[PDB]
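Given as structure tokens, the chain that follows is alone and in the form deposited in one PDB entry.
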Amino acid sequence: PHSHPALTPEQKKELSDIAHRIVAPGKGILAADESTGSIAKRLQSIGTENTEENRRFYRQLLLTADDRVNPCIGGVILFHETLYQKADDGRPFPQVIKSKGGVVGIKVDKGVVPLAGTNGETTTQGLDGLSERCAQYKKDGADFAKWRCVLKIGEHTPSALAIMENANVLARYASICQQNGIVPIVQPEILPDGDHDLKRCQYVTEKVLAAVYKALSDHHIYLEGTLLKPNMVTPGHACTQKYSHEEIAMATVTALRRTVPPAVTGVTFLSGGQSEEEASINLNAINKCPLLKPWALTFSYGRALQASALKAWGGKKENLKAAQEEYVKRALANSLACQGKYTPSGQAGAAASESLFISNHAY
């Protein structure tokens, strides 16, 4: 082959520094990049009207939490709208985040689209004008981008086409980001839907990650200047078998060790519909695995850090401090979990809200 370096030693350093700040020991990411529609769903759930001020207010609640959260929050992913909003104090949101020590992030993909000739499989769009948008994003304080691709497990899925196409689009996305001084989060999300077991998800996860990394190589991506946002290796939600958190940990860590080169700065896990406490325990178990993990493994949770806070809010202005507190709490818990210092680990008799698929009711 022949080389024509995409980045200079100076470009690589900036990307590497940013990537390292976000996942520094004890820190994770707050995913509060819910689209106007997604957020509308949540706000509706807690009986609050999906209004402009309301959205700007709920984001304030999170980004304006007391200094207690600072060493826990390394990065915050915002939606295009939020990025251009102001706080009560006047300060534009990206500033509030930076003053507290966090790196500003922005979701740039434009949704998933169906791939013809498959069984409900998709790919993601958003590459058009990405360079210009990323250029403008870096200008407006943003440093890391988010892009979501989704894969499904089934009898004939994920197919080779979905694996190939999704891997390629991720590499294209990452390439443009790196050119604009923006560290790209690679997010090949494998859906926990179905009744497949643990090994299956682990096999599929390994296959997927393998393709992903080879594509990044083809597109000449500076891996140090990237972060991996994968799904935890877990059994399907409908799976009848039960698994210990330590099994989940072992599955996940092993899968990553067989595919993710040590050059990748970090792995920020998705909650994948797990409960707040469950997400912590699993994360802690992961960091507690006796296997050599050369990358940082932390969190990139949305609902798993907001659930209780959203409820505590309920759209009530007076519940401000109280709701923020629930978030500060989830914050600390996860700061300890990414360090394997989060005590809550050995618990199951009253920790899993999925015993229905274990009961005779599933047979």
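For every residue, the number given is its place in the sequence shown, counted from 1.
For the two regions 234 to 242 and 69 to 77, the entry's Cα B-factors average higher over 234 to 242.
The mean Cα B-factor in the deposited entry runs higher for 40 to 48 than for the other of 22 to 30 and 40 to 48. Across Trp295, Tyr327, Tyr301, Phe57, the entry's maximum B-factor at the CA atom is seen for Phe57. Highest C-alpha temperature factor among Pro114, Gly111, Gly273, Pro184 per the entry: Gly273. Split the chain's modelled residues into thirds by C-alpha temperature factor. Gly90 is in the highest one. For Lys199, the recorded CA temperature factor ranks within the lowest third of the chain's modelled residues. Placement of the Cα temperature factor of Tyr84 within the chain: highest third of the modelled residues, per the deposited record.
Sort the modelled residues of the chain by CA B factor and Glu189 lands in the middle third. For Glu155, the recorded CA B-factor ranks within the highest third of the chain. Only modelled residues enter the ranking.
There is also a form solved in complex with a small molecule; it is not shown, and the following applies to it.
Using a 4.5 angstroms heavy atom cutoff to the small molecule in the deposited complex, all of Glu34, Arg303 and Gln306 count as contacting.
Checking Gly126, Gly272, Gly194, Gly181 for any heavy atom within 4.5 Å of the small molecule in the deposited complex turns up a single hit: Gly272. For the small molecule in the deposited complex, the listed stretch (290 to 298, 307 to 315, 324 to 332, 63 to 71) containing residues with heavy atoms inside 4.5 Å is 307 to 315. Within 4.5 Å of any heavy atom of the small molecule in the deposited complex lies no heavy atom of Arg55.
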